[PDB]
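We count residues from 1, following the sequence as given.
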Amino acid sequence: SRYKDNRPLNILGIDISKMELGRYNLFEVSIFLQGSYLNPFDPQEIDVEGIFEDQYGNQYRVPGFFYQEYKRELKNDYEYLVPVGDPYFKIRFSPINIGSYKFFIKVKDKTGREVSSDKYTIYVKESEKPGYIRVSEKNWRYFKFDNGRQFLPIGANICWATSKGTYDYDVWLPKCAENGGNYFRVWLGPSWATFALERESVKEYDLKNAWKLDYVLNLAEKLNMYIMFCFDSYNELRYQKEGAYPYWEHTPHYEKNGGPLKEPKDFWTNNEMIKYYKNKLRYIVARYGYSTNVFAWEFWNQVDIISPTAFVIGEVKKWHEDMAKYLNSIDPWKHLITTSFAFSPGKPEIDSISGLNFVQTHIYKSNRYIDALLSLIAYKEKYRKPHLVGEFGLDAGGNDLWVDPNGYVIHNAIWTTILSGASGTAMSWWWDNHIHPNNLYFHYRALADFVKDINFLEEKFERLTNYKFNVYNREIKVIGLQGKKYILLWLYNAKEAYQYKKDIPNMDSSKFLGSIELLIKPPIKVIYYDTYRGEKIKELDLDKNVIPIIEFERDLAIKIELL
Ligand SMILES: OC[C@H]1O[C@@H](O[C@H]2[C@H](O)[C@H](O)[C@H](O[C@H]3[C@H](O)[C@H](O)[C@H](O)O[C@@H]3CO)O[C@@H]2CO)[C@@H](O)[C@@H](O)[C@@H]1O
């Protein structure tokens, strides 16, 4: 109990970040206090709350959180954080309406005594921010912002840094954002992760790693990027003898290391673990929930591959239902909630729970992965909620960077997924050893520039069907979407798309290859789009439903508009 206090409860100071701010922007209150509590991360010991009310009478109950300021530096090849001042408590709020808000601070400690502040008034003006990310009511395949504009996630996993810590995100994130990226995913466990909250304990959370997560979230805010926070990873509950980067023997949950659990199976039902997990969820909502740059709360990375001694489908299902309900109940902004599985088809008993707002796929497959992606996307339409291909790569023991230094595998997957009806791009692994050093960001820029000017929420897009190729020299295949105004096609050469040794196509391509007939009413306008340079190649007006295919090396995109 490093941070215990044993004084009579009193507020000693309140600092307010700003008295005027914009819609969806951060309003931060700092609270200095003394009190009686053993653990500032446990609301049964000390419960700080901010109670906000807009001019329409809507109320927001915002939990407060314990905070330590740090100043970062780089010591050669590792980040080092120097503490600045004593720790204290914070409230982080974000207004969804404009106008006036009234708020006050309340504190209760373990003695039952409660203290409170004076009522304060702040004023909120309109801003440019689009709001929080939600499921689209117009098309359940897709996400939207509160203002109604679509959110199509384009990006990659960026789940942890090297020892350089936040200094790596200073490099990766601007490159991603300047190349059309608006999405990444970070890990808050296991204990070795950059942002691990349960580093040494499951009862108290790591203030240094929480500060690093603040830093990265703030960088996302400046760059208009949106983050999935993955709370726990399967390694935590996987025994050494089971392989696959196991971590049970080292995890703070295990009794050997101070935690409540004798074996990982007990995670789902142990009363003490459940209590502390809810405290962690409260801490995460308190510290990060304000942010519209939090796209989603993800409970687990690949919960299906915890130890087989520990995976009890009915227990894991109930825990997800209960935790989703709890998290929603305490999150004033109701961020999206999800979970993930290593098994590519997922676990229907869990994926179908209403409390999980969207479903995911992880897939590492080397052969015919285009067809596998399409099949999984078609299959998961049964859930009638969005689908994110949250992890993707070859099944090559991590050798993607040697097999495919030009990123053709990523290229194929991002085009396939977007134009098959997934909510956004397939999300690559290997951000640090592949995407960045091989400078693969240009693939995302080309795709973003192709899709960004179409409102996917309103096109009534369906996976393409009723097509017929007429091509003699080659084997060309298509992944497509057909909507009420646009048809989007990705064509690929089946004999070239899965070979990765040749240099990036430098198109100079005038010849006719063949045609593809679609079930459309002319007249139409046809745009041919170079998927590597990210530019229009040619434009052609047509009076029939038969699209010439111009010459291309590997793959080519086509945008058709019903006129
Ligand atoms: O350096 C941090 C950490 O690395 C751990 O090992 C990583 C691997 O380096 C690799 O990225 C692996 O990726 C997995 C990941 O588990 C994902 O969810 C899915 O399973 O597929 C990808 C590709 O296989 O992830 C592990 C962690 O699970 C480990 O070496 C730690 O000691 C080290 O601190």
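- Between the side chains of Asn412 and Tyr492, no donor N or O sits under 3.5 Å from an acceptor N or O.
- Note on ring orientation: taking the six-membered ring where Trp is involved, the planes of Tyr169 and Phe195 are tilted (angle from 30° to 60°).
- Inspection of the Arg287 and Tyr283 side chains reveals an N or O donor paired with an N or O acceptor under 3.5 Å.
- Every salt bridge (charged side-chain N to carboxylate O under 4.0 Å, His left out) that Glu221 has, sequence neighbours left out, goes to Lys129.
- For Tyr167, the ring pair (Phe, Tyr, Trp, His ring centres under 6.0 Å) criterion is met by no residue, not counting sequence neighbours.
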Item to check | Test log, rule side-chain hydrogen bond (donor to acceptor under 3.5 Å, both in side chains), inputs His387 and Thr361 | outcome: CA-CA 8 Å; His387 176 192; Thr361 295; 2.7 Å; yes
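- Partners of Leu481 under the side chain to side chain contact (heavy atoms under 4.5 Å, CB included) rule, at least two apart in sequence or in another chain, are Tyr142, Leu419, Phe456, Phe461.
- Of the options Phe311, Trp319, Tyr234, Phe299, a ring-ring contact (aromatic ring centres under 6.0 Å, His included) to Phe267 is made by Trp319 and by none of the others.
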Item to check | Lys144 and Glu137: CA distance, side-chain angles, deciding distance, salt bridge (charged side-chain N to carboxylate O under 4.0 Å, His left out) verdict | outcome: CA-CA 9 Å; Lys144 62 167 179 180; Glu137 85 281 9; 2.8 Å; yes
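- Within the structure, side-chain hydrogen bond (donor to acceptor under 3.5 Å, both in side chains) pairs that include any residue of residues 146-155 comprise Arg134-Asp146 (at least two apart or interchain).
- A salt bridge links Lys138 and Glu458; the closest N-O separation between the charged side-chain nitrogens and carboxylate oxygens is under 4.0 Å.
- Side-chain contact annotation: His443 with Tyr408, donor-acceptor N/O pair under 3.5 Å absent.
- Partners of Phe184 under the ring pair (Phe, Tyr, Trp, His ring centres under 6.0 Å) rule, at least two apart in sequence or in another chain, do not exist in this structure.
- Applying the side-chain hydrogen bond (donor to acceptor under 3.5 Å, both in side chains) criterion to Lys280, with sequence neighbours excluded, gives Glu198, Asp232.
- Between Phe143 and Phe151, the ring planes are tilted. Angles from 30° to 60° get that label.
- Residues forming a side chain to side chain contact (heavy atoms under 4.5 Å, CB included) with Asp206 (at least two apart in sequence, or on another chain): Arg199, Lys208, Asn209.
- The backbone N or O of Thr425 sits nowhere less than 3.5 Å from a side-chain atom of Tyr444 that would complete a donor-acceptor pair.
- With 3.5 Å as the limit, one finds a donor-acceptor pair spanning the side chains of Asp555 and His411.
- With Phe450 as the fixed residue, the ring-ring contact (aromatic ring centres under 6.0 Å, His included) test singles out one of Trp490, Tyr529, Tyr532, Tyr528: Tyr529.
- With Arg554 contributing its side chain and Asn493 its backbone, the two residues share no donor-acceptor pair below 3.5 Å.
- At a threshold of 4.0 Å, the pair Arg474-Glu551 counts as salt-bridged, since one of the basic side-chain nitrogens sits closer than that to a carboxylate oxygen.
- Using bins of under 30°, 30° to 60° and over 60° for the plane-to-plane angle, the ring pair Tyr364/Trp429 lands in the perpendicular bin.
- In this structure, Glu349 does not pair ionically with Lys347, as no charged nitrogen and carboxylate oxygen lie closer than 4.0 Å.
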Checklist entry - Does the salt bridge (charged side-chain N to carboxylate O under 4.0 Å, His left out) test come out yes or no for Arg92 and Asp214, once each step is laid out? => result CA-CA 12 Å; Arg92 289 179 174 163; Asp214 288 356; 2.9 Å; yes
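- Shown here are the side chain to side chain contact (heavy atoms under 4.5 Å, CB included) partners of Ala177, two or more places apart in sequence or in another chain: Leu223, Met225.
- The salt bridge (charged side-chain N to carboxylate O under 4.0 Å, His left out) search around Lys318 returns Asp322, not counting sequence neighbours.
- Partners of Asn433 according to the side chain to side chain contact (heavy atoms under 4.5 Å, CB included) rule, which considers only residues two or more places apart in sequence or in another chain, are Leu401, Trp430.
- Pairs of residues two or more places apart, or lying in two chains, that qualify as side-chain hydrogen bond (donor to acceptor under 3.5 Å, both in side chains) and include a residue from residues 291-302 are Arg185-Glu298, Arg185-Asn301, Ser233-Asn301, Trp297-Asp331, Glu298-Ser340, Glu298-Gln360, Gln302-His362.
- The shortest distance between side-chain heavy atoms of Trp431 and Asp168 does not fall below 4.5 Å.
- Of the charged side-chain nitrogens involved, at least one lies within less than 4.0 Å of a carboxylate oxygen, so that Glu79 and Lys212 count as a salt-bridged pair.
- Applying the side-chain hydrogen bond (donor to acceptor under 3.5 Å, both in side chains) criterion to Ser352, with sequence neighbours excluded, gives no partner residue.
- Test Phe145, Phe229, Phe358 against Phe295 for ring-ring contact (aromatic ring centres under 6.0 Å, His included) and you get one pass: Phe358.
- When the options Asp395, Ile410, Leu394 are evaluated for a side-chain contact (heavy atoms from CB on, under 4.5 Å) with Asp400, the one that passes is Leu394.
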